[PDB]
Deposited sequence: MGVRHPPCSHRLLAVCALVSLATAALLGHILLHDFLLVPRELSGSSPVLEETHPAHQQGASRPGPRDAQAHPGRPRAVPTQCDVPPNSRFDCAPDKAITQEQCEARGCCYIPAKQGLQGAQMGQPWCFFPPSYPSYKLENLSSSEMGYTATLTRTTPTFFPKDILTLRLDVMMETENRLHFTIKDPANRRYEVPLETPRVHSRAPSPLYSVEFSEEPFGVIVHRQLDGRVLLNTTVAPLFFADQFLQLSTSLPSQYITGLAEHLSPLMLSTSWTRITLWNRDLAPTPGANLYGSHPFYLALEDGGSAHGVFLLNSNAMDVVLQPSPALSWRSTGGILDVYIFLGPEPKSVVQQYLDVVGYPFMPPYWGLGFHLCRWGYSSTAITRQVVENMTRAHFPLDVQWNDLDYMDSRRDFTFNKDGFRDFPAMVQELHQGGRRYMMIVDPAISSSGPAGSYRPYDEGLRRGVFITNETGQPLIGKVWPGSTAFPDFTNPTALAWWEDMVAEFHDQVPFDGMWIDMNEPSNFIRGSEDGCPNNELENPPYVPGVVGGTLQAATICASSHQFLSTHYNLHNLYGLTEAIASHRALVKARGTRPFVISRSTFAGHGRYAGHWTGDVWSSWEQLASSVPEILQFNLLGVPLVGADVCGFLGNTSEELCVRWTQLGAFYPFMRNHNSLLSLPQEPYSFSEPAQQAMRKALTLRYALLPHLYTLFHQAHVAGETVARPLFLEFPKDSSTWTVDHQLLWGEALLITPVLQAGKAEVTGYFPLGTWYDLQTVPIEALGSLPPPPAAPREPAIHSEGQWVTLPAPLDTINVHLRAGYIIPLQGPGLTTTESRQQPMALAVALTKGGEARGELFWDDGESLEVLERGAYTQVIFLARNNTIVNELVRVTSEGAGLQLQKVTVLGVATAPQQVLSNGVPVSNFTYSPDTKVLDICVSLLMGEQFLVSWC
């Protein structure tokens, strides 16, 4: 009975340090590890639930689950209801609930899956129908379902699993007895720690390159434990088991299927894809204006100027000081006059210490009962930047109305273009409240997940504090998401155009409302390298508008680190350089001339690619696609890609291989089977890498980042500007990467860059580009006033093996072309319109 292979032992003492006698008294097996692996584990006969009265419904199954022997946890729920819903051919959904009490809940034709059930011990078994592979099997360990402890386990199909944000780790999670804690926490990113957000989703790869995803729709503090058998255990401190399985079979299909439940990514405004520049320490409008002046003087693109806490009066939301920021409104109006936008920090917590009637956000918040309350029904008071603060309850419909009013009234004073919502874990400088927290089972639960500080109260507010929908215990992991939703709506009402919200704290489904940055990353080579997996991970989780602080936030960047970080950072979907109060300056213009040139080239290339990046965001928004994606999403059948997380793709076609280490003049990266053209051969070293699926060492001097364009793809480009206001007026270009057989395909999505309801109203242009048999044509999917008059002036064709004798545009010899026999590049001058059918030919 105790003859269980070490890697298959499930922990029977997750709650406490246990002796052999206590372990055996629990009905568990005690076998010390020979050097982590649990010493106290469940025998196969450990009491679980028994399935009874399984019955077939329309859309699936229902059953009773009965536990006859209590666990070592208090308040086992001995009778459960199982509901299985076969929702689509790709999506299976099951719940396990208490039928006697409403518990907290987060607010050939055949399916790809088959489901069967173990009776005793109870388990759900999900097979992939096509190849019989076991994807889910919850029979592997007991089902625990107590008031403050849920545990469901499964076998995994492989050692390859990704998800369960937010943590600083490789894209592929370690299955070596790893405890991953989901409890939103203000902490500078470091490995093994619960960070700002919680995404209870994983994607599991299968031998051969198929994949499936599992979402547990549970917002409680949880541990997810991975062991090398391989297997996973969800361990939640409340709510219910609400489980979705997504059958893929392609990894990109798993992600889209997940996003079909939690929401497709919001469409950002075009300007939001430009360069953002911020620090804590721009302590006046004069200094802030000098940042824009200095960037402009040195020909550095900048779409958006930001301020941190500097702008506020005594670090309070919806104020500006009358010292350095007396003329704040004029500053922002002037930014708009120059074609730039403005962003500023907003904290959730509201100063509670001001004289009554002197600070409207608090005074009005008190009147309308917007704040999280304590045992006596008064506002819970903590400490953040302004001192004593109350915390808005963004589950309260009246708090939403209050937040809309405060944002709209402040926007009437200072016409900011979005909100940078920080400290929204929610972060508390003291433990729970100024008054501490009561002694109850929510504050002191029977199972505390592996959170930093060892308590649910650490760096946040009391768990038993009251919100409109439930206790903070159940809602904590949603706090940031609820603020992001409230802020999205507030910005839609205030401005009447697409909202731009960048949030620190997140939850599953965040990407439907807002973007994210990875928080207080050190200015280190390690954090530069760690940013690639984390940006890729957020893309898999439907938050494609993500990036890290370019050059790092904490400490002092070096010039070499800031060159490499700007080079990589230019391929973050959200690109912002941000810097701490105590740091040396790190604006592009603050470095040596050669570092400035490298940084200017990185920004120039990003601005040139913006029509492509915007089209990739359109695909995320309409089809649940990733923007930044790991190689394994695009080449899943090549198992060499599975562990690659220091390279990224933009969409299907652009491979970025950054230097992530000091003192390097070369980088080794994986090239999937195919031809990869060096983007340096496109007017804005091997001209083409011919790969069989192999590692290639590339030259990568300090002034260089390796970027390759996949053969078979066409990229739309636009001319330069220091803003997207300027760049969107420039003529466009195509980069056409031919296959050996002379084929390529690409597309362009164009709209006005900021209106709401564009796709519903049809207020966009959509064009497909096709290369075939020495011709390039456009195919007009939709042509409207927005995009019709886009000028195409240049067509660069890569992989043209012989010099053409003639190049025609609509049947007429072109004004000029150049052909380079060394690089096999054909560069063609044209005068065409994206929205009018053209034919470019050569021979």
Note to self, deposited ranges with zero CA coordinates are 1 to 80, 116 to 122, 195 to 203, 781 to 793
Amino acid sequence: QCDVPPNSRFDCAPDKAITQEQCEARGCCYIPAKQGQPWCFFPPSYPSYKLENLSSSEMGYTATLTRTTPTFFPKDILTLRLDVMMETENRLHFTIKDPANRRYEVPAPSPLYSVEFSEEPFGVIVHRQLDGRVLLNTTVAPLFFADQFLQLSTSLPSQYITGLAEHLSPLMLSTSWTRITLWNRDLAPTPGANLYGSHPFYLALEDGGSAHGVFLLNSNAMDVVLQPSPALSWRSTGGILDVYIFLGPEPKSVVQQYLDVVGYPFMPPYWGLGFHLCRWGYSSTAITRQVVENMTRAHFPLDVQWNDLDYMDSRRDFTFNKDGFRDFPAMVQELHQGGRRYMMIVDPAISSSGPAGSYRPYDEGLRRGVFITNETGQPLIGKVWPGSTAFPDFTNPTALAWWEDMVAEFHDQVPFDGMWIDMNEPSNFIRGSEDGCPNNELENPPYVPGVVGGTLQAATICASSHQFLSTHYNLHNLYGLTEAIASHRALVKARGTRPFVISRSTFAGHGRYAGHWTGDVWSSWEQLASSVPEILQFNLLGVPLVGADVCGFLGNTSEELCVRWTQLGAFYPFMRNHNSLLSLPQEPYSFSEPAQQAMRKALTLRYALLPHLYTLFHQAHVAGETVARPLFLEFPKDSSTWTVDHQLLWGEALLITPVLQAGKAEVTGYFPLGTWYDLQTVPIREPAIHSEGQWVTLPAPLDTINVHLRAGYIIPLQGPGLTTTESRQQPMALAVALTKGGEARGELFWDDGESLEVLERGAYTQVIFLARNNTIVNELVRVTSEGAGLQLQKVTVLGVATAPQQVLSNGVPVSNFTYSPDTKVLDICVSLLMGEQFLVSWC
From here on, numbers count along this sequence of modelled residues.
Of 688 to 696 vs 77 to 85, the stretch with the larger average CA B-factor in the entry is 688 to 696
Quick note on 11 to 19 and 831 to 839: per-entry mean CA temperature factor is higher in 11 to 19
Per the deposited entry, the peak Cα B-factor within the set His621, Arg576, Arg326, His476 goes to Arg326
Entry record, C-alpha B-factors for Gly132, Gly213, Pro544, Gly418; the maximum is at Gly132
Of the three thirds of the chain ranked by Cα temperature factor, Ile240 occupies the lowest
Assert third(CA B-factor, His411) within chain per record equals middle
In terms of its chain's C-alpha B-factors, the third that includes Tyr264 is the middle
By the entry's values, the third containing the CA B factor of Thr739 is the highest
The third of the chain into which the C-alpha temperature factor of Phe201 falls is the lowest
